[PDB]
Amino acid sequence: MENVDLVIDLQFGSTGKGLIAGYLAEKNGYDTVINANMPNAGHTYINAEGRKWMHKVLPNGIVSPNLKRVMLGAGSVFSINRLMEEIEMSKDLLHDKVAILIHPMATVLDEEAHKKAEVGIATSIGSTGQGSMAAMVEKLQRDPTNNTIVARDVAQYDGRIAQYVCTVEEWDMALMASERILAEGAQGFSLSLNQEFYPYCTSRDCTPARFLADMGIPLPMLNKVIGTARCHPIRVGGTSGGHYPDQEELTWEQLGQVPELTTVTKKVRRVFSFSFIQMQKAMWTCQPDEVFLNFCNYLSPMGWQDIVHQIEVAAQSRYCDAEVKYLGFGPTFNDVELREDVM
């Protein structure tokens, strides 16, 4: 029954979850790909031939040569317009023998109302202001007179999603039928609503237990957790929040890199030194089996090799047998290296 490989971020998000999800999908050929994304940010994957996917709704694992099911969990908050654009963009991949299943309880984003309600926190806590929490709050209100927030009710008047919206039993049966599943997490461990930076955090916990719960995955189904990290963790710009005591804020100049910016909001990313405290904390809760260390291209061999050893010792210190198996030297499939081959 253990057939779910779960992808999670060990720092403050934007580490390369999309890159390893696409890479693992191409290598392991999962028949089911599942997620529970909110409109916060888009994940990128670039394959060997240079084709690029930027997803806010669909999992990045749709590039799997054995794709049979694409499932969007109960914890999802999505723009119907975005989902339509994303499906159409990968129509060749999402063919007649691929089933797209939207959980009946997934939240439909009202872009007019939900973005307007997040205008204040977009400045005060440096929030993305995408409407994710405002939509989540409307769901929680449980007004029986409101038939415009969950997918099951929206499907009654919006036929664009109607074919995809399934029942709870159809959802359970699809997981049961699945041979091998790729589950994709979002945001990052330190962004968790219940980690130390509150209120400078996101609207949910970004931990394996919360992701499985938001995707409706039974715990005995979990096979492996693949954690992702950067050599220099980033945080998204403005009054976004603090850092750990053993890390310092850097500049893109110090690193000799072109300043990194968010895709749509064009907010410059804040960059920090590696934090061993952050790793111990993330290793304790997230307990990954395998680690993908990305942006090794910003350091020299001794620098990224030293971080590999730090991560493995951080894991062991928190009863975790995490192995840094993959190393990222660029944004493409061809830039993902096996650790054992480069060091």
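Rigid core here is just the name for the largest C-alpha set that superposes within 1.5 Å across the two forms. A residue's number is simply how far along the shown sequence it sits, counting from 1.
- Greater C-alpha displacement in 5 other deposited structures of this protein (rigid core superposition, RMS over structures and residues), of 132 to 140 versus 74 to 82: 132 to 140.
- Between 285 to 293 and 40 to 48, the larger root mean square Cα shift in 5 other deposited structures of this protein, once each structure is superposed on the rigid core, falls on 40 to 48.
- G216 is built in all of the other entries compared, counting only those with both neighbours built, so it is not a gap in a third.
- Across the other PDB entries of this protein whose models span the neighbouring residues, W252 goes unmodelled in a third or more.
- In this entry, 264 to 272 shows the higher mean Cα temperature factor of the pair 198 to 206 and 264 to 272.
- Relative to its counterpart among 247 to 255 and 111 to 119, 111 to 119 has the higher mean temperature factor, C-alpha atoms as listed in the PDB entry.
- In this entry, the residue among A162, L212, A106, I125 with the greatest C-alpha B factor is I125.
- Note on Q141, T228, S178, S192: the highest value goes to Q141, judged by CA B factor as recorded.
- In the PDB entry, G61 places in the middle third of its chain by CA B-factor.
- When all modelled residues of the chain are sorted by CA temperature factor, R235 is found within the highest third.
- In the PDB entry, a CA B factor belonging to the lowest third of its chain's modelled residues is recorded for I100.
- In this PDB entry, the Cα temperature factor of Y30 sits in the top third of its chain's modelled residues, the highest group.
- Split the chain's modelled residues into thirds by C-alpha temperature factor. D321 is in the highest one.
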